[PDB]
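All Cβ positions, even for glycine, are placed from backbone atoms using ideal geometry, and neighbour counts span all protein chains on display. Every read-out reported here was derived from the displayed coordinates using simple, explicitly stated rules and does not represent laboratory data.
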Amino acid sequence: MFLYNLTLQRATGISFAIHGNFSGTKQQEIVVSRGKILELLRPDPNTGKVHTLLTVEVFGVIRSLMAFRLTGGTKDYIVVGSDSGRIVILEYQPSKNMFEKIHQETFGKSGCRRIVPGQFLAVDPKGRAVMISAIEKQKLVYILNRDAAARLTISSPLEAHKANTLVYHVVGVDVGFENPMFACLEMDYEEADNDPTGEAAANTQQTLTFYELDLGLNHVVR
Amino acid sequence: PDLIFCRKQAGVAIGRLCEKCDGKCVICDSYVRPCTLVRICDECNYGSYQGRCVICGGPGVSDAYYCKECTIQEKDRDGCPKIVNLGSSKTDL
Amino acid sequence: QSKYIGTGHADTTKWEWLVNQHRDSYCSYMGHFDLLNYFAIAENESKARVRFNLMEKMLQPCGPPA
Amino acid sequence: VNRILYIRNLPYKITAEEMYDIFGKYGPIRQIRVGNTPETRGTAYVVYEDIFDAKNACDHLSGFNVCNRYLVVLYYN
Amino acid sequence: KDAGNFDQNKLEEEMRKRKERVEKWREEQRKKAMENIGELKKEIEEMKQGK
Amino acid sequence: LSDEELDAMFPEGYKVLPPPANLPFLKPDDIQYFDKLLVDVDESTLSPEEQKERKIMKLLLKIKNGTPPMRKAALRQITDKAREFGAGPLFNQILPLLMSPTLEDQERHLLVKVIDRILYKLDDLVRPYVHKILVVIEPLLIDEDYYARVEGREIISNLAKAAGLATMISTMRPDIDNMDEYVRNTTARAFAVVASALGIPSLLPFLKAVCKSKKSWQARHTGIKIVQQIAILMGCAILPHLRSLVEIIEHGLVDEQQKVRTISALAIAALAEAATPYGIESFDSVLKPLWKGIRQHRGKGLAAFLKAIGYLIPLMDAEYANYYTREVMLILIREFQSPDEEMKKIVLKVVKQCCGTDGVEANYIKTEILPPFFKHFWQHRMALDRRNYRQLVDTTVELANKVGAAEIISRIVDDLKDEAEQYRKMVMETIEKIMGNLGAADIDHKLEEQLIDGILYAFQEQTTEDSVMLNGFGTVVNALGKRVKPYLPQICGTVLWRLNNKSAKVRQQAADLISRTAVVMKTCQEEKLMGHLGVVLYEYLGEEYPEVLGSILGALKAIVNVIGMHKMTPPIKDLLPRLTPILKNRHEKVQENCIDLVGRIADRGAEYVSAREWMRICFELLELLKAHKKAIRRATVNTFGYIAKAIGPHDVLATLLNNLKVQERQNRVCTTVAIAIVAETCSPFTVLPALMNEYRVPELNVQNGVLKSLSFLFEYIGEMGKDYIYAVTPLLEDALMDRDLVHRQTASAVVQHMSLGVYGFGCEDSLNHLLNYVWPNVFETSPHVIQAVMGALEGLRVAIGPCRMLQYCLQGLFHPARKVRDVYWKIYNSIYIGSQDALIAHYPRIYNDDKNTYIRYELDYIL
């Protein structure tokens, strides 16, 4: 028996969303990662209802979404992760109602493991060099720059992976035109799992760790 | 004859190969059906390292690819596929 | 750091194997969607609640000698 | 006779390994400047780490026939 | 082929003649121009005039 | 003495040549501190305080001369010892080590890394040494190679980040007394590099307060120099600091001294180029003077104003752009004829930038820009200026797309036909560029005739080796398209005159141009020039020059692709035996062309041969299937497919099988690849049943060769193995039995190369049948025989799913044998990195012990 699949109705779960001027103009746009499918919605004020423009079956797992419009940019480049380390920075193109992978970079293997990045995506709105990190001591720093034609040139990954330190959440704070500070709720699970007694559960709580990925140092330093 | 590799953070640098070592993959070492292009780390294209073969370690004549039997196995998602070991290190003849 | 983290070797203890088992089985829970929208229906909690619970359980689950 | 010496009649198809093997016959080599300009091609300059080794190489290289031609050595001021 | 080859040769000769004529015309044009330019005669030292 | 001082001692037009690429032996070049391992330099017995740091320099030699880990250990140790080594002696020993000319590329990188580590360790201690690195890193930042300048900038940034901004300010400020222009430029670049890393606004106020005075022209020039250097080093990071820098740079736009005005114009142009294309808000702060002083300054002032306007125009808006262009044309179009090169190149760049801008439409360019550009620029007056010949050609190619190709195709048919070959080369280059940019739409009848006449005159009057005409002839022929048929005899006579000339380079260029324009002319449905082309093609078959032979072979291949049998002039029964010995040549390009020629010979009709001749050709080409050049390896496989399809399955299969025993294992495997070519050239049952009978022979290295051939067969057959995989399962199972030590790697390789090829196509049954036998072979102590099974397991994990592989490998994950877990844990690791989260829903339910919580109860819900 040979079976063939058909999606008689796409998913209806808004597991993620990100707001931004994605079409380029001042028109707001909200992207919803509904799991396998990614959709874009425009909140039409003339009618009140939100119109979902595109429902692209992504064939992956969008662990996180974090849009970013560059310094002096009309549209915004959505950063997406999947089951594999293939990080996709794509920008919407209203020419024919279709997306476009502006840059598909390879980070790690497939499978959302603890050491394979692709879980959390922390953008720096007051700067560049977005962090793309996993749950267990895996975090790369993609430096974004503008070419002569304002191209979104992705730099080399400046890995600042910790040692047996779990990551709760990661967000990039807007610095005052200085090196972008990136805070994360990190917890050292290595120093606790190496004692016979049992008191390691206490006295070891989460901690805010902020790294500065200055271009001068060319690496994310705490 | 167990060759070692760099296996560092795969940057945004494309791969290369020599006039004789251009067909086979940097890891699979096969000439059958190249699937994807290989890459390198930041310490693989730096000054003298500009445009060097990933297998022959000399002049580059093409782009380093992976074998279809090595890209389907997720082998390309590892670190820098540069063929470097204790013998094939930076201070080599 | 990332040499072979995720699995032991020839004389890996059963506890140290189950610890990695749970520590890499929750990442498929905090990241995957069907196995995260399914646990929030059984426990009857929100996504953030169950995710924070699973994250806090990654300290030393499976029964820690701490 | 100074430390740096200029050599003429240099070929256009030569690598650094052959120049290093030619320079290592008399002693060590400290610096070598090859011309990539079309107005400065065919000539180069070489300086050694020792003054006595450079003075010996300037005498040993004067008149060395190679590739059915002759080389011209000059002492820079 | 004893007639086709001859025809080809003739064609080639004609082409050559045409080329020559074109060259002559070009030369004539150049001569005419040399009658008066042209941006300002020898506009090279005018913009320079020292420095 | 240093490398930068030595490079200053060399004149311009030269490049520094690097050296070619239980510690190792010593070297006489490291005799500065090579007395530790060579002499009795006892720093701990009798020596000054902390003299062992000098031996650390010898340890630095261990970082240079030694092993990679032994070299990195020195840096890892010095990282935790720089604070207890003394800043003074440490700097005095580290700076001269890299200052010497013997600092190689890798040596320079190692020294830069060491200095960066020392600065990161000695942060405040680097302040007193600021006068040292500033005198050392300054020349290295102004080196010729980009790597040297990058290393110098990195060292300067590290030294700046080591101390505070006040130290860098107090160091670079009094260094402005260097009256030498080179020293002043070096100090300006050093300050710019220090500001690019220590914060642009962190040093902006100090620089603006120290440079806004009126001491002399030195400081006023150095301010703009540092501004331009910072804008060039930062790049796209001048967006926020654009107006902040323009506020201090606007003091030179109306400066009294012409030098300060030129420096301000250069800085403004650099800032506009760095912050381009968008963001011209700050540019409006000096946009009015930039648009006014175009026809106001004199000489250098007007030149700098035009250079700045050329960069400010494309970044400007659409409304004010036309006004700025009209205001600049008063001094641009009037002074189009440049007395020197600095004005001509600047005017060409400004014209190119204006043409790139969307403000001035094509109408304004054709009205006020086309006639002046054609009169003062479009001429043969630059037949020898290489830079001018490139700049004018680029500007014309950029402006042709906007002003229409027909507007220039009917106006540049004279520079190429001119007798001056020097300007004719540039004219042909520009014509080819315009034809490649626009295409063939804007081509008038008279314009097309004039272009054809000019191209013919240039090709005929090719007194020198001008490849521009050779590259443009093919482009013109492609632009002709269907119009090349009416223009057939002109190009035909041209090619005949260029081919019968009997000149080596002339014949090579003619063959190249014929091969480029072969499909356009021969495929015009003529059936008249085929004989005239084939008679001359096969004539010069024994050309001694290999390049001419390759060109002739390519032309013959193009003719055979455009012509048919027996439409081609050379007979097939004659060209085949004539081309047969040509394939035996050792020439790279000649053999590469001959392979494709032999392949295309059997393309359309393909019979045109005796079977023995085709068999001999295949036997000869079988040795070239593994050549060094990949092009020959691809052409051999591309030709052997058609050769085997034309000859026959059974004959080629029998020939390949008989060839397995001969040609001992130095080039034997390629023959096996040829068998795979049959599988790639014919159906799977063309080599399967014939090769199956080759296993009935009881020979050891006969079945071994059969397995080695089936390996490459299933590795190159692709997705065709799913159609026939159950009939080849027993053949691999019988070979996978306990037969020998070499008949095991072959079966495992066949299985691994067939699983990846039948990935997810619905043939897991036979995969399980083969895995049942492939698993017990895991217990093998042969170091060269484990990899053949390890690769098979790594392929089966990714083509079967861990739900069954881990199911097999679970029973022994804690086996009592110390040498049994060594393989089970290795296989588990190999199956873990692949399908990391895919095997999570594959493990058993580890029951809960009384000492912990082992059961994963968080997955046993019912919802």
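For the range F:345-371, name all the residues that are outside any loop (DSSP other than H, G, I, E, B) and either closer than 17 Å to F:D415 by Cβ or among the hydrophobic types (A, V, I, L, M, F, W, C) (or both).
F:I346, F:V347, F:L348, F:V350, F:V351, F:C354, F:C355, F:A362, F:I365, F:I369, F:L370, F:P371
Looking at F:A231, F:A275, F:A269, F:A304 in this structure, which one is hydrophobic (A, V, I, L, M, F, W, C) and touching a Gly at 6+ places or on another chain (Cβ under 8 Å)?
F:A269
Going by what's in this entry, would C:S25 be described as more than 8 Å from chain F (Cβ to nearest Cβ) and among the small types (G, A, S)?
So C:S25 fails the test.
Give the residues of the range F:6-21 that are facing chain D (nearest Cβ under 7 Å), farther than 16 Å from D:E49 by Cα, out of contact with any helix residue (DSSP H, G or I) (no Cβ under 8 Å at 6 or more places or on another chain) and not charged (D, E, K, R), sorted by residue number.
Residues satisfying the conditions are F:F10, F:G13, F:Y14.
Collect the residues in the range F:110-135 that are closer than 24 Å to F:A74 by Cα and surrounded by fewer than 21 Cβ atoms within 10 Å (Cβ to Cβ), keeping them in residue-number order.
F:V112, F:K113, F:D116, F:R117, F:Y120, F:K121, F:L122, F:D123, F:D124, F:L125, F:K132, listed by residue number.
Just the residues that are outside any helix (DSSP H, G or I) and more than 18 Å from F:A303 (Cα to Cα), please, taken from the range F:246-288.
Passing the criteria: F:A275, F:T276, F:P277, F:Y278, F:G279, F:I280, F:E281.
Take the range F:441-493 and flag every residue that is more than 14 Å from every other protein chain (Cβ to nearest Cβ), outside any helix (DSSP H, G or I) and not hydroxyl-bearing (S, T, Y).
Hits for the range F:441-493 are F:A441, F:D442, F:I443, F:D444, F:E465, F:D466, F:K485, F:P486.
Scanning for something more than 14 Å from chain C (Cβ to nearest Cβ), crowded, with 17+ Cβ neighbours inside 10 Å and within 30 Å of F:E151 (Cβ to Cβ), does the range A:160-171 turn up at least one residue?
no
State which residue pairs qualify: first residue at the interface with chain F (Cβ under 9 Å from one of its Cβ atoms) and inside the range D:12-24, second residue outside any loop (DSSP other than H, G, I, E, B) and surrounded by 14 or more Cβ atoms within 10 Å (Cβ to Cβ) in any location, beta carbons under 7 Å apart, and separation of 6 or more residues or different chains.
Cβ pairs passing all conditions: D:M19/D:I32.
Return yes when F:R189 is within 27 Å of D:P28 (Cα to Cα) and basic (K, R) and no when it is not.
No, not satisfied.
Can you tell me which residue within the range B:50-72, out of those that are surrounded by fewer than 20 Cβ atoms within 10 Å (Cβ to Cβ) and not in a loop (DSSP other than H, G, I, E, B), is farthest from the other protein chains (Cβ to nearest Cβ)?
Of everything passing the filter in the range B:50-72, B:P59 is farthest from the other protein chains (Cβ to nearest Cβ).
Only residues that are part of a strand (DSSP E or B), of a type outside the set (A, V, I, L, M, F, W, C) and either surrounded by fewer than 21 Cβ atoms within 10 Å (Cβ to Cβ) or out of contact with any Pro (no Cβ under 9 Å at 6 or more places or on another chain) (or both): list them for the range A:29-47, please.
Within the range A:29-47, A:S33, A:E39, A:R42, A:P43 qualify.
Mind listing whichever residues of the range B:45-78 are closer than 16 Å to B:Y31 by Cβ, more than 12 Å from the chain's Cα centre (by Cα) and among the polar types (S, T, N, Q)?
B:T71
Restricting to helices (runs of 4 or more DSSP H) lying wholly in the range F:751-863: which have 3 or more residues that are over 19 Å from F:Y726 (Cβ atoms)?
F:783-800, F:802-809, F:821-833
Please state which of the following conditions F:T102 fails to meet, knowing it meets all the rest: (1) within 14 Å of chain D (Cβ to nearest Cβ); (2) in a helix (DSSP H, G or I).
Here F:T102 clears every test but (2).
Quick one: in the range E:10-51, of everything that is within 16 Å of F:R381 (Cα to Cα) and in a helix (DSSP H, G or I), which residue is nearest to the chain's Cα centre (by Cα)?
Step by step, filter the range E:10-51, then rank; the result is E:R26.
Considering each of F:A275, F:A267 in turn, give the residue that is more than 11 Å from every other protein chain (Cβ to nearest Cβ), buried (at least 22 other Cβ atoms within 10 Å of the Cβ) and either over 29 Å from F:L198 (Cβ atoms) or not polar (S, T, N, Q) (or both).
When all the criteria are applied, what remains is F:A267.
Does F:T430 satisfy the criteria of being more than 28 Å from F:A518 (Cα to Cα), away from chain E (no Cβ under 13 Å) and buried (at least 19 other Cβ atoms within 10 Å of the Cβ)?
Here the answer is no, as F:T430 does not meet what is asked.
If the Cβ limit is 9 Å and pairs must be 6+ apart or interchain, which residue in the range A:191-203 that is more than 16 Å from C:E56 (Cα to Cα) and within 7 Å of chain C (Cβ to nearest Cβ) pairs with which residue that is hydroxyl-bearing (S, T, Y) and part of a loop (DSSP other than H, G, I, E, B)?
Once the first residue is more than 16 Å from C:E56 (Cα to Cα) and within 7 Å of chain C (Cβ to nearest Cβ) and sits in the range A:191-203, no partner that is hydroxyl-bearing (S, T, Y) and part of a loop (DSSP other than H, G, I, E, B) comes close enough.
Restricting to the range F:833-853, and then to whatever is of a type in the set (S, T, Y) and farther than 23 Å from C:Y4 by Cβ, can you tell me which residue is farthest from the other protein chains (Cβ to nearest Cβ)?
Going through the qualifying residues, I end up with F:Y847.
Report whether or not A:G72 is part of a loop (DSSP other than H, G, I, E, B), facing another protein chain (nearest Cβ under 7 Å) and at positive phi.
Yes: the conditions hold for A:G72.
Out of F:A209, F:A237, report the one residue that is hydrophobic (A, V, I, L, M, F, W, C) and either more than 14 Å from every other protein chain (Cβ to nearest Cβ) or more than 34 Å from the chain's Cα centre (by Cα) (or both).
Residue meeting the stated conditions: F:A209.
Anything in the range A:120-138 that is part of a loop (DSSP other than H, G, I, E, B) and within 14 Å of chain C (Cβ to nearest Cβ)? List them, or say none.
A:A134, A:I135, A:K137, A:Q138
Filter the range F:598-617 for residues that are surrounded by fewer than 22 Cβ atoms within 10 Å (Cβ to Cβ) and either of a type in the set (S, T, Y) or assigned to a helix (DSSP H, G or I) (or both) and give the result.
The answer is F:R600, F:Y608, F:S610, F:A611, F:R612, F:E613, F:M615, F:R616.
From the list F:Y120, F:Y33, which one is hydroxyl-bearing (S, T, Y), part of a helix (DSSP H, G or I) and out of contact with any strand residue (DSSP E or B) (no Cβ under 6 Å at 6 or more places or on another chain)?
Going through F:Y120, F:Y33 in turn, the sole match is F:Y120.
Results for (1) within 7 Å of chain F (Cβ to nearest Cβ); (2) hydrophobic (A, V, I, L, M, F, W, C); (3) not in a helix (DSSP H, G or I), shown as yes or no for each residue.
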site	(1), (2), (3)
C:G6	yes, no, yes
C:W15	yes, yes, no
C:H32	no, no, yes
C:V50	no, yes, no
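Please tell me if F:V328 is among the hydrophobic types (A, V, I, L, M, F, W, C), touching an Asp or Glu at 6+ places or on another chain (Cβ under 6 Å) and away from chain A (no Cβ under 14 Å).
For F:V328, the condition - among the hydrophobic types (A, V, I, L, M, F, W, C), touching an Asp or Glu at 6+ places or on another chain (Cβ under 6 Å) and away from chain A (no Cβ under 14 Å) - is not met.
Looking for whichever is within 14 Å of chain B (Cβ to nearest Cβ) and farther than 17 Å from F:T686 by Cβ here; the options are F:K629, F:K661. Which one fits?
The conditions single out F:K629.
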